[PDB]
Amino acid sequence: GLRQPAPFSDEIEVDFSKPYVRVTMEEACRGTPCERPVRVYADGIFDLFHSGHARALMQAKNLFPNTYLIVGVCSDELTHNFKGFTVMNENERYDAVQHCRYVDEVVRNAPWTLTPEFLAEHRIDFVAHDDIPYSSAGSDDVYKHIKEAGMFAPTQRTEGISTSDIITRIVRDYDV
């Protein structure tokens, strides 16, 4: 099956000879050549990595018939600054994502807002995340530019599980 964790982006050599040329939704759905998988990026904190996360990564991996899934995971410094507390530290969250079935590669220290430099450096064809506007603010939606450029592929959240729900059962369990 698989035997080794998904590598960090550092451990893979990319041909910078090939220029950054994206595939359209239409070519991506028809199935790209073996050598040229559609490169999908999904980003997250992935704190208390749970099945809600893995299902999202599963959907992003299946967006197209030949897909290579890159998962960016945000550092503690960024997450603390813009969102709040992490139970698991950055190294533990990098590690958990590496053992997910659907992942092909893990970028550490992922950015909060995606930049043209980052998308070009990782040769990203599409970005996958739920469709709810992510406002971390000074912005209404950090994904707005990605949706506007036609590169956004929405996934569905798994109802009935989340980091907050899990923490909440654990504190309820502890109180009673």
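Note that residue numbering follows the sequence shown and begins at 1.
Higher average CA B factor: 165-173, of the stretches 165-173 and 4-12. Between the stretches 80-88 and 97-105, it is 80-88 that shows the larger average CA temperature factor. The residue among 129, 145, 36, 123 whose C-alpha atom has the highest B-factor in the PDB entry is 36. When the C-alpha B factors of 137, 28, 54, 45 are read from the deposited coordinates, the top value falls at 137. Annotation for residue 32: C-alpha temperature factor in the highest third relative to the rest of the modelled chain, per the entry. When the CA B factors of the chain's modelled residues are split into thirds, the value for residue 158 lands in the middle one.
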